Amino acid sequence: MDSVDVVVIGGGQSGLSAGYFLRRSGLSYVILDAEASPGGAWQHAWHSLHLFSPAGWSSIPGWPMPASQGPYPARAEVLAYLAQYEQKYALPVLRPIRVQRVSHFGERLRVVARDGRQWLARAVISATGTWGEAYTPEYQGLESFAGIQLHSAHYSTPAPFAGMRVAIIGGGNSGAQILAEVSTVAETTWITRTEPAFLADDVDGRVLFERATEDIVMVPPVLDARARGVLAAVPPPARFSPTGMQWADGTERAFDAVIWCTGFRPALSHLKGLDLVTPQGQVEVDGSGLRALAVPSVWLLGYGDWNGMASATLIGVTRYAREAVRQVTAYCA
């Protein structure tokens, strides 16, 4: 049972960012991550994925992302970056470890792994991301649909959908990008809640970051899809049928497959039992967005806007990582 000052849970961009700042502190720490390789959830993104901002705009603290081959970073490059980042700062990343549970051990916290390894931490920084909690909504008659379903989290390639009629549900960047790729081999139908909003052709995802005083980027395959005229959105249906869907007015479309691009929740099963997870799947944090209210020794990092505006982006996590790390450095004194 190692005693450390800080345990960081999750070894993605968020955890590596926390790491960079903890290195410059005087504190003893470790970073626990469940994956086989470095790179967080990017290891699970689909093959064609590219970022929506250039390398300079996709960089975490200190060492920036190397310039990419094309205008936008490819999935591969993001992995290469995050790999080389750990080495560059020789960060204490133990991998693979699945943290099962964090629980009270007197004044400190006890972090337990699936295989019985244990750590004793004065502080914990949860940086586990969202990929692990894919969200599918509940629609009437869904349990009856005979076709194929998957979440965007497991989308990989358009091939399997060749020649099918396919519903893409969700109107974010993901929906748009996957719609773009699947429309190349399938009769496609984009189902969105509100009619989608595209940024301008001459601008990129850095814009979403610039709203940090407090929608979807025209990345090349999206430009292409627009030009092929497949970016028409339709409102949600009313019911699912065994073979398709049905709308308010009674119009019926058949589908062979459905791809849920309906987002994710924070992956905080390891904090259940500390009673920190709200029924909305978040935690209640202080005004800085970072520190948990019900248990002062737990900080959270990188999860999304409730945990800091644009914290769930490469560029935007840096600020909160700094703040979280100086906050805990104070706590350890």
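Numbers follow the displayed sequence, beginning with 1.
query = Between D115 and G116, how many deposited residues lack coordinates (none, 1 to 3, 4 to 9, 10 or more)?
reply = Gap between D115 and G116: none, chain continuous.
Stretch exceeding the other in mean C-alpha B-factor - 52 to 60, 39 to 47 = The recorded data point to 52 to 60.
request  = Taking the mean of the C-alpha B-factors per stretch from the entry, tell me the winner out of 287 to 295 and 261 to 269.
outcome  = Of 261 to 269 and 287 to 295, the stretch with the higher C-alpha B-factor average is 287 to 295.
query = From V111, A80, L94, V207, pick the one with the largest CA B-factor in the entry?
reply = The C-alpha B-factor peaks, among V111, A80, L94, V207, at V207.
query = In terms of the CA temperature factor given in the entry, to which third of its chain does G304 belong: lowest, middle or highest?
reply = As the PDB entry reports it, the C-alpha B-factor of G304 lands in the lowest third of its chain.
ask   = Lowest, middle or highest third of the chain for the C-alpha temperature factor of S174?
value = Ranked within chain, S174 CA B lands in the lowest tercile.
For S183, the third of its chain into which the C-alpha B factor falls = Tercile = middle for this residue's CA B-factor.
query = Sorting the chain's CA B-factors, does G12 end up in the lowest, middle or highest third?
reply = According to the entry, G12 has a C-alpha B-factor in the chain's lowest third.
message = Which third, lowest, middle or highest, does the C-alpha temperature factor of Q140 belong to within its own chain?
response = Highest third, going by the recorded CA B-factors of the chain.
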